[PDB]
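Take a look at this one chain, the form deposited in one PDB entry, written out in C-alpha cells.
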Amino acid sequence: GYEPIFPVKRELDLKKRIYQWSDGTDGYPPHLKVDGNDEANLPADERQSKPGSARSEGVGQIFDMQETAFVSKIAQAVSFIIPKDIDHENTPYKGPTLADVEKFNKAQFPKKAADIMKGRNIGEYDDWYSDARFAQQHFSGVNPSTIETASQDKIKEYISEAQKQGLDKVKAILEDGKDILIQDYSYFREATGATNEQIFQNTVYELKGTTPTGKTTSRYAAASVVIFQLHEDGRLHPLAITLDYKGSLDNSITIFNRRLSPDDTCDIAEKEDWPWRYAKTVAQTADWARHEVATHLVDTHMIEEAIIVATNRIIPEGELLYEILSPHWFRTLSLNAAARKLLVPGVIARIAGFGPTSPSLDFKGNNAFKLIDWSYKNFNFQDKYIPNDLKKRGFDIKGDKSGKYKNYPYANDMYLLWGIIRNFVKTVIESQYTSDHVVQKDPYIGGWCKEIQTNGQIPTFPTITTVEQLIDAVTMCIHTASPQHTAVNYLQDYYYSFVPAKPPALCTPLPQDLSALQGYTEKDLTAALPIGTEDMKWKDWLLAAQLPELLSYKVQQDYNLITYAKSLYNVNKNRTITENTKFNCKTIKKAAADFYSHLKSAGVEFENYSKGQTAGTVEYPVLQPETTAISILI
C-alpha cells in the first residue's frame, strides 16, 4: 500500500506554495511573494531567459538589453556632478532656453526609435504648449480614462471663485454649464494623509557612495484641479486650472483661461501667456503622477498580478477559466518584480515631487507608496468595466449622434473593443456554463471571488452568482491585461520624451499667491523644468525621457491580441485550448474565427475614429490590434 493521491488537491497545494501572497511590509499592495524581488526567486518558468529560447527556459527578455543598462547607470548615479560616460557637448536638457531644447528635440527625430510612433514625440507640433493639444491628452493621451463630468458642487465652487475674481464671462459659462468636464487630482492629499498646511516636496540628497554631502535639490508636486468645457463640435477647451487644491478654492490659488472658447484669439498669444503655460505645466505633473501610479501601475500591473496569484491558487490548470485567462499573463510577473525592485524606488520615487526624500530607507513612509497603496484601495473592478466606466464618468458613446465625442477616440475604440472581447468570452464561457446553476455548482468560482476579495484586497470584485457576472468579470481581466494596458503604456514615449510637454514634477516651489503667478515670465517656467547642468536636473530629464523609451518598445507580432485570436496559441503556457479534447473545441474555434474577424473589422473602425477627429488633432493608433499586447509584458 501507499499514500492516496488527490490530483486536484495536490496541484492547488503546490500552487499555494509557489504562488504565496506578500504580507504588506514591503509597502506595496498584495502581490506574488518574491524574496528581495530577485529573478532567481520567481517560479522557474515565469523568469527571464536568453532571447530565442524554448518557453520552458523562461519568458525571454522583457526589456531592451542596452536601454535597461542606461536607466540603471542613471538611477545609480547619485552625485550631482554627471558621470563622464553620460556627459555630452550636446544633450537634450542643456538649453539653457526652451527654444534651444525644442531645437535639439526635433534634430533627434530619425530619417532606437522602436515604439509605435517611431521616435516622434508631441514636440513635432510647434504648438505642443497650446490649450487644444494639452486638453486633447485627457481624451487621446496616456491617461484618457479619468476625465469626468463636474459635480454640481465643483461647478458652484468655480462660480463663487470666478465672481470673486470678477470674471462675469466665465461665471455665465459655468452657471449655464453645458458639458463642464473635470480632471480632479485634489485626492493626492487624502491619499498621502498630508494636511492642507503641508506642501508636496521631494528633497533629493547628493551622495558619495553611501555618505551624504550636505547638498540637496528639491522637486515639488501639486493637487491640481482642471475644469473644461466640451463644445458641440467635439473640441475640449480648458477654462480654469487650480494649481494645488487645499480643502476649498478660497484656500487654493486658481487661474482662469483668458480664452473662453477654443476659437478665441487675444493680444497676449498662447505662446507668450506664461502664467497659463505654467498652470498647464503644473497640471501636466498632476496627470503624470495619476497616470504612472493609479492608471498605469495600480489599475493594470498590480490589479492583474492579484488576478494571476488568486487564479493560480484556486483554479487548477486545464480548467476553462485558467485556459482563457492564462494567455493574458505572459511576462507580467517577472515584469512587476523588476518594477518593485528598480523602477518605482530608483525612478518614480526619485523624479516625482511627493517625497519626503530621495533616496529613502522605509518606503512605508514615502508618499509615492502611500499613493500606490491608496489608488489600489480606491480601485473599483466593476465600475472600471468599460460600459460602467463610460456611463459613470458621463459619456453616452452608445446614444449620442451629434459628433460631440469625435475627439474621444479612446471611448469610441474601447466601447467597441469591450463588446468584441465580451462576445469572445460569452461564446467560450457559455460552452460549459449553460445557466446560473452551473456557475453556482462550480467548485472554484466562489472561492476564486473570495480569494481576490480578501487576500487580493479587491473587495469590489464581484460575488459571481450568474453567467452574465462571470462573463463581465473574465472580460475585465482580459481588457485590463491587454487593451487597457496597451492604451495607457504604448504612447508614453510620445507624450513624455519631450519632458517640458509633460514633466514628472516641478524644480521650483509653487508661487505664494495668484498675484505672483500672474507676473510669471519665461524664466519662471524654465526654472520649474529640468533644463540646465545645475541642481542634478540632468538626472530628472534623462529618467523622465528614458523610462518611457524602456516601457514603450513596440510588442512583437507573436505576443499580439490578433495572433492569439487567429491561432488561440497560449505563448505564456505553450499549449492551445482547442487541443484540449475536454472542451467543446468546435464552439471555441468558432468563437476565435469571430474574434479574429471582429479585430480585423475593429482595426478599420479605430483608424476611422482617429481620422474623424477635429482637423489637425494628433492620431490615436494605440488600440490597433497588431500593436495591442496579449498581456502586460512591458
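Just count from 1 along the sequence shown to find any residue number. What we label the rigid core is the largest C-alpha set whose atoms superpose within 1.5 Å from one form to the other.
There is another form of the same protein, the form deposited in another entry; it is not shown, and what comes next is about it.
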_Comparing forms between this form and the one not shown after core superposition, the one residue of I82, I199, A545, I471 displaced by 2 Å or more at CA_ = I82
*Aligning on the rigid core, do we see the C-alpha of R10 shift 2 angstroms or more between this form and the one not shown?*
yes
_A 3 angstroms or greater change in CA distance between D85 and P530 is reported in the other form. Closer or farther than in this form?_
closer
*Residue pair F80, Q284 - Cα distance in the other form, closer or farther (3 Å or more)*: farther
